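Accompanying notes for the structure given below.
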2 protein chains.
Amino acid sequence: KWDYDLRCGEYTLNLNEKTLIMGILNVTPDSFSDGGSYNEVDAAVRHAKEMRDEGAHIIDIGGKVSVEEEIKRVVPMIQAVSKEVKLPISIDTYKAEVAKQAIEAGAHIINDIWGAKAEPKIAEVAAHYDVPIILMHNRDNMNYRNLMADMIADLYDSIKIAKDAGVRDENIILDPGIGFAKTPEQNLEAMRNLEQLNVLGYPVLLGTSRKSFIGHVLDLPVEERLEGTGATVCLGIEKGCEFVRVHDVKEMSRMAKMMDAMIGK
Amino acid sequence: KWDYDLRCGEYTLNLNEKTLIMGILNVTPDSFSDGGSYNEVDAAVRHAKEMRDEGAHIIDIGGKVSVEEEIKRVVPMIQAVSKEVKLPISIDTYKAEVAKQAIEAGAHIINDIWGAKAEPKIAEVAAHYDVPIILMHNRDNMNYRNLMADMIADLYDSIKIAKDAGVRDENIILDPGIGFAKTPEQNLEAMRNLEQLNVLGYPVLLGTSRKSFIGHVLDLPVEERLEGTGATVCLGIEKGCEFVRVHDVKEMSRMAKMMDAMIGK
Ligand SMILES: Nc1nc(O)c2nc(CNc3ccc(C(=O)O)cc3)cnc2n1
Ligand SMILES: Nc1nc(O)c2nc(CNc3ccc(C(=O)O)cc3)cnc2n1
């Protein structure tokens, strides 16, 4: 079905073989440093190793805050993790400068929650290093004429920005942006119609992990959202998504893997 | 979508509102009794209450063994559970006599793994008490021309038997019989094509809980099959099934409920 692989420097991600698990690296900062202190950098590295041993295929790392301050926090983490853990790293930022530094520091994928719309220059950054960029759907309002049609329209605007800066088709990944700019009921409606995103011709990443719309449905707090997260991941894989972005790697890998076998992926 | 409710004597099961959870009552016998001893009957009752507090909507109770011996074991359990727990009970047997006794003892649904083919008289039993009967797909071989087409053909044979004894359409429920008469890969193939069962026009029950085909996929023992069971339940609900038969009620209820909200059930 996909006639190429995802090229991330030293690592290759095949898109046909299995659903790919992006593990959400947790980044508890030391209150006393802005730096890359020993307690935080080590907490991260250990967490990255845990997710790798659990079945993660990508480690996702994220840093109101300034550019220089986000870079200070995130660069030492990318460095330590890239050296100590053999999986591609995505940098979860919407800032062209953060993205540059992270890639230089060892990051392999750009993960942009504003889909190149907050800082269009990020698409230039991706275009130059030749890395995959994830363009997530987002906007500053909840006023939809037709949720799905608008989401596709908005994502198409991100693609135009990425392509106009030289981003190759093969390094575009899309994300419906569950939990952003959507009421709970709109979140459920995007889940239900997720397969429509496939007409755009790009691999899709789904991130639903522990989000409040699950809490809204099940009336359960964040630490109780594992079953409802797995429901989303499953329906996500059934509707053709290539990656999921999850906190509970062990559990979701097992679900993904069972889904794949059933759907014939 | 369904223009009737499932009538089980004192209880009504709506089929449009949510996916219905059938909890699998566990029945550890006392080595010293054949009877309805205090340790076993009480272990059952407590388990039934637990599943009810977890979200089960039906309690499923099951007893090489003789008719009189299966009745001795199962009747005291139905009696104690029906009195102490306010949910309909299904009796998991393929024997017309067991089925009679159980219904008399308080059981509301017949659950037949041979789909009225082992003891056709069971369909007479259901026809008389006017109860729902679950006709599960089964056979004594694995020689399929076309797995799905044959499954539908075989289930249709059960329907003919049930209907010919007077069973009303509204008390027919079908079950694809995952884990019976199918290799692992055939199990996965029925999961993948489960929606085909809907053309027969009956509510479908899916039972996959902890079965070996999950172990085959994930290489995990029975007590490690929760994530892979949830995958099946989810794909099952996405493909239109009305009931699932599960051991882990708490976890699967949450998954079901999240699925329902997403699919719009
Ligand atoms: N590519 C990608 N895809 C996502 O889905 C994503 N989500 C978040 C996290 N954002 C949220 C949003 C809403 C909620 C809530 O309502 O609870 C929680 C977390 C961060 N980076 C992300 N990156
Ligand atoms: N209606 C209904 N639907 C079922 O699916 C079902 N399954 C069993 C349990 N049978 C099995 C079969 C196979 C396996 C394995 O391979 O591990 C385990 C248990 C018992 N009653 C059942 N009743």
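The sequence lines fix the lettering, A, B, ..., with proteins before strands; numbering per chain opens at 1.
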Sequence neighbours excluded and cut-off under 3.5 Å, please list the side-chain donor-acceptor pairs for residues 142-155 of chain A, or say none.
unit_1: A:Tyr144; atom_1: OH; unit_2: A:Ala181; atom_2: O; d: 2.6
unit_1: A:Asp150; atom_1: OD2; unit_2: A:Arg145; atom_2: N; d: 2.9
unit_1: A:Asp150; atom_1: OD2; unit_2: A:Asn146; atom_2: N; d: 3.2
unit_1: A:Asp154; atom_1: OD2; unit_2: A:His137; atom_2: NE2; d: 2.9
unit_1: A:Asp154; atom_1: OD2; unit_2: A:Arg139; atom_2: NE; d: 2.9
unit_1: A:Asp154; atom_1: OD2; unit_2: A:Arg139; atom_2: NH2; d: 2.9

Check ring-ring contact (aromatic ring centres under 6.0 Å, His included) between A:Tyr11 and all other residues, then give those that pass, not counting sequence neighbours.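 A:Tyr11: ring-ring contact (aromatic ring centres under 6.0 Å, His included) contacts with A:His108.
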Quick one: do the [X] and [Y] side chains pair a donor with an acceptor below 3.5 Å?
{"X": "A:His57", "Y": "A:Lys18", "answer": "yes"}
{"X": "B:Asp260", "Y": "B:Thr19", "answer": "yes"}
{"X": "A:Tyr202", "Y": "A:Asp169", "answer": "yes"}
{"X": "A:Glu70", "Y": "A:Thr93", "answer": "yes"}

With sequence neighbours left out, write down each residue that passes salt bridge (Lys or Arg N to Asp or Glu O under 4.0 Å) with A:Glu69, or none if nothing qualifies.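 Expected list: none.
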[X]: partners by side-chain hydrogen bond (donor to acceptor under 3.5 Å, both in side chains), with sequence neighbours left out:
{"X": "A:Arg225", "answer": "none"}
{"X": "A:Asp157", "answer": "none"}
{"X": "A:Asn198", "answer": "none"}

How long is the straight-line distance from CE of A:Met51 back to CD of A:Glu54, given to the nearest 0.5 Å?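 So the gap between those two atoms works out to 9.0 Å.
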Hey, which of A:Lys257, A:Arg254, A:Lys250 is the one that makes salt bridge (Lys or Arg N to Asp or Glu O under 4.0 Å) with B:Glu227?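 Exactly one option meets the salt bridge (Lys or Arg N to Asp or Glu O under 4.0 Å) with B:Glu227, and it is A:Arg254.
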